[PDB]
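Encoded as structure tokens, the structure appears first; notes follow it.
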Amino acid sequence: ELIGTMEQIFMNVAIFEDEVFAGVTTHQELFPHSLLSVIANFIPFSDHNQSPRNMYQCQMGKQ
Amino acid sequence: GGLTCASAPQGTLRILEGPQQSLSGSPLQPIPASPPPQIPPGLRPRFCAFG
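Quick mapping for you: the protein sequence lines, in order, are chains A and B.
Under UniProt numbering, the first residue of the first sequence carries the number 632, and numbering increases by one thereafter.
Under UniProt numbering, the first residue of the second sequence carries the number 103, and numbering increases by one thereafter.
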């Protein structure tokens, strides 16, 4: 399915499987890194760096 | 010979067309979960010391 910004507030969307439940979890996300941008998906292991650092990497990959 | 108001209706029927729910199967993903990165079998050292 395709959901919108206002339609997403009234529905449960698991990220990983085994997070899906029976009554809860109406939907599920395609990939776990769907939340991140195209450039933020080019940073390696962004999960183990602190966040202000991933914001500077995004701005430094464009210079 | 004209039209006059008749007795008030005693009830109302509202019709709509509706289909039903299937069983909950919840088939989340073709190849599901985040499959883990892993070791290539055997591998072997690709480097040796001198001497």
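A virtual CB, placed ideally from N, CA and C, is assigned to each residue, including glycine.
Between residue i and chain B, is the shortest Cβ-Cβ distance under 8 Å, so that the two count as touching?
| i | result |
| --- | --- |
| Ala671 (chain A) | no |
| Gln639 (chain A) | no |
| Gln690 (chain A) | no |
| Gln694 (chain A) | no |
Taking C-beta pairs closer than 7 Å, name the residues in chain B that residue i reaches, listed in chain order.
| i | result |
| --- | --- |
| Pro663 (chain A) | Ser136 |
| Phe647 (chain A) | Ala135, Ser136 |
Using a C-beta cutoff of 8 Å, does residue i count as contacting chain A?
| i | result |
| --- | --- |
| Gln131 (chain B) | yes |
Using 8 Å for Cβ pairs, my map puts residue i next to residue j. What's the rounded Cβ distance?
| i | j | result |
| --- | --- | --- |
| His658 (chain A) | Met642 (chain A) | 6 Å |
| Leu130 (chain B) | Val651 (chain A) | 5 Å |
So with CB distances below 7 Å, who are the chain A contacts of residue i?
| i | result |
| --- | --- |
| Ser128 (chain B) | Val651 |
Are the CB atoms of residue i and residue j nearer to each other than 8 Å?
| i | j | result |
| --- | --- | --- |
| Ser136 (chain B) | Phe647 (chain A) | yes |
| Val644 (chain A) | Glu660 (chain A) | yes |
At a CB-CB cut-off below 8 Å, which residues of chain B make contact with residue i?
| i | result |
| --- | --- |
| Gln681 (chain A) | Near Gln681 (chain A) there are no residues of chain B at all, since even the closest Cβ is about 22 Å away, more than 8 Å. |
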